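Take a look at the following structure, please.
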Amino acid sequence: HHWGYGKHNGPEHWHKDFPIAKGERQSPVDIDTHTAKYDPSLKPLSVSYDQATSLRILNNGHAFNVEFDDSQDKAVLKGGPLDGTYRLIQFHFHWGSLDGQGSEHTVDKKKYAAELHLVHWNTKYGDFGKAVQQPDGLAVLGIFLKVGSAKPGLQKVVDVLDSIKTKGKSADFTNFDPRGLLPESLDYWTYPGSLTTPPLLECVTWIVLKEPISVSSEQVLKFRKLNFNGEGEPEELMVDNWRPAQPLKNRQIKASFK
Ligand SMILES: CCOc1ccc2nc(S(N)(=O)=O)sc2c1
Ligand SMILES: [Zn+2]
């Protein structure tokens with residue numbers, strides 16, 4: 001018995017093994033656009049992904065991760081509300097069984113079809129495992145996906161999913177350029193939060209972009225063909241691997257735009 005998104009082990013049960021689930025800075029949250037405070041102190045984001053080196057794609061039983069070499073400052077995030085340099089380590093998505101759900105964050109209670117998370121860690125802490133123990137250890141860039149026109153930069157990912165259908169499977173995935181997944185504008189909202197899967201540690205500066213990217217129905221359909229289970233196990237489709245919104249408590253969401 002282990003955590004998941006099922007009836008018997010989903011997000012409402014997580015607190016029994018991970019009591020920080022009922023914490024003061026949990027994620028995701030609903031972004032109320034009218035109560036978000038514009039902050040003119042906030043800088044533009046600096047996304048430097050020209051030298052990224054992707055290595056692998058892995059089905060870990062709850063999503064698929066694209067992993068990067070983070071042994072050097074190749075692909076880094078700076079600026080915005082951040083102090084210091086954060087290295088990209090992996091990205092993954094959360095998605096729904098239907099196009100009207102699947103994102104983790106919501107915007108004025110609107111749900112999107114999926115949410116992309118680009119996970120970065122603060123190089124001051126030397127390794128990812130140390131960074132997750134620090135209140136400023138991680139910076140996660142969140143991008144919403146809406147269904148419409150296809151996203152060409154996503155297709156290389158969609159085409160390899162058949163090779164990692166079940167939990168524990170991995171495939172080589174080199175020379176993938178994550179710049180192809182970014183929207184045109186880098187205007188964002190930011191708040192202090194947590195990992196959205198166990199262990200739910202409260203180490204994340206969330207940076208959620210205002211502008212969604214569009215993907216085709218056929219692309220997201222391919223996500224829903226993945227399996228939570230391992231090969232040879234009873235087939236459970238990997239859908240609805242999103243955590244619902246958590247209370248904001250004593251936090252303020254800031255906007256970099258008005
Ligand atoms: C410490 C084991 O690695 C983890 C565990 C949970 C986790 N959640 C996220 S998310 N959904 O981007 O907030 S990235 C991440 C990395
Ligand atoms: Zn995530």
Side-chain angles (χ1 to χ4, degrees), residues 1-15 17-18 21 26-30 56-67 90-107 109-119 140-151 153-171 173 181 194-200 208 212-246:
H1 190 276
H2 169 243
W3 65 270
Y5 290 100
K7 189 245 190 284
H8 303 289
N9 61 357
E12 53 266 74
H13 298 277
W14 292 355
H15 66 106
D17 287 287
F18 308 96
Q26 290 292 289
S27 294
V29 300
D30 180 61
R56 198 170 73 138
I57 187 164
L58 170 69
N59 181 334
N60 64 13
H62 47 96
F64 61 88
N65 287 356
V66 177
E67 300 174 336
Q90 53 108 326
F91 66 79
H92 62 272
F93 299 84
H94 304 260
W95 64 90
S97 56
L98 301 155
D99 297 347
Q101 67 202 49
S103 67
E104 293 213 302
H105 292 89
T106 53
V107 179
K109 306 288 210 233
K110 178 178 188 159
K111 294 173 174 82
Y112 283 92
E115 190 171 323
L116 168 58
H117 292 160
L118 296 126
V119 183
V140 183
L141 198 51
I143 299 167
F144 296 120
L145 281 66
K146 63 184 174 109
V147 170
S149 62
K151 190 80 159 160
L154 181 71
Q155 195 61 32
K156 284 197 181 144
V157 176
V158 166
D159 279 333
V160 75
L161 299 180
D162 274 332
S163 297
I164 60 147
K165 182 183 157 217
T166 54
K167 178 177 145 272
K169 297 284 219 224
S170 67
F173 198 66
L181 301 177
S194 74
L195 309 167
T196 68
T197 57
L200 301 166
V208 178
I213 59 167
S214 86
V215 305
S216 74
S217 173
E218 305 96 298
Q219 290 180 316
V220 75
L221 288 165
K222 299 226 225 279
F223 288 14
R224 301 185 187 129
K225 277 187 249 206
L226 292 163
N227 279 189
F228 282 128
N229 55 281
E231 192 178 6
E233 283 155 38
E235 180 167 22
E236 208 26 21
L237 293 176
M238 187 181 280
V239 289
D240 293 319
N241 56 353
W242 51 275
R243 176 185 207 195
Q246 304 298 312

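Worth knowing before you read on, the calculation uses all heavy atoms, side chains too, and leaves out hydrogens, waters and symmetry mates. For reference, positions follow the sequence shown, starting with 1.
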Any chance you could lay out the side chain to side chain donor-acceptor pair (under 3.5 Å) test for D30 and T106, step after step, and finish with the verdict? CA-CA 5 Å; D30 180 61; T106 53; 2.7 Å; yes

Taking only residues two or more places apart in sequence, or in another chain, which ones meet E218 in a salt bridge (charged side-chain N to carboxylate O under 4.0 Å, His left out)? none

Salt-bridge contact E67-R56 (side-chain N to carboxylate O under 4.0 Å): yes

Any side-chain donor near an acceptor of the partner, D240 and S97, under 3.5 Å: yes

So which heavy atom on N9 is nearest to which on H2, and how close? ND2-O, 3.1 Å

Could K169 and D162 be called an ion pair, given the rule that one side-chain N must be under 4.0 Å from one carboxylate O? no

Yes or no on side chain to side chain contact (heavy atoms under 4.5 Å, CB included) for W95 and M238, after CA distance, side-chain angles and deciding distance? CA-CA 9 Å; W95 64 90; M238 187 181 280; 3.6 Å; yes

Hey, what's the ring geometry for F64 with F93, parallel, tilted or perpendicular (30° and 60° as the breaks)? tilted

So how far is it from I57 CD1 to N65 CG, rounded to the nearest 0.5 Å? 8.5 Å

Please determine, by modelled atom types, if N229 and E236 share a side-chain donor-acceptor pair under 3.5 angstrom. no

Taking the side chain as C-beta and beyond, is there a heavy-atom pair between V119 and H92 under 4.5 Å? yes

Could you walk me through whether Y112 and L145 pass side chain to side chain contact (heavy atoms under 4.5 Å, CB included), step by step? CA-CA 6 Å; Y112 283 92; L145 281 66; 5.9 Å; no

Could you report the tightest heavy-atom contact between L161 and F223, atom names first, then the distance? CD1-CD1, 3.9 Å

When rounded to the nearest 0.5 angstrom, what distance separates CD in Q155 from NZ in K222? 6.0 Å

Given side chain to side chain contact (heavy atoms under 4.5 Å, CB included), test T196 with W242 step by step and report yes or no. CA-CA 8 Å; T196 68; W242 51 275; over 6 Å; no

Only counting residues at least two apart or in another chain, list the ones meeting side-chain hydrogen bond (donor to acceptor under 3.5 Å, both in side chains) with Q246. none

Inter-residue atom distance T197.OG1 - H117.NE2, 0.5 Å rounding: 10.0 Å

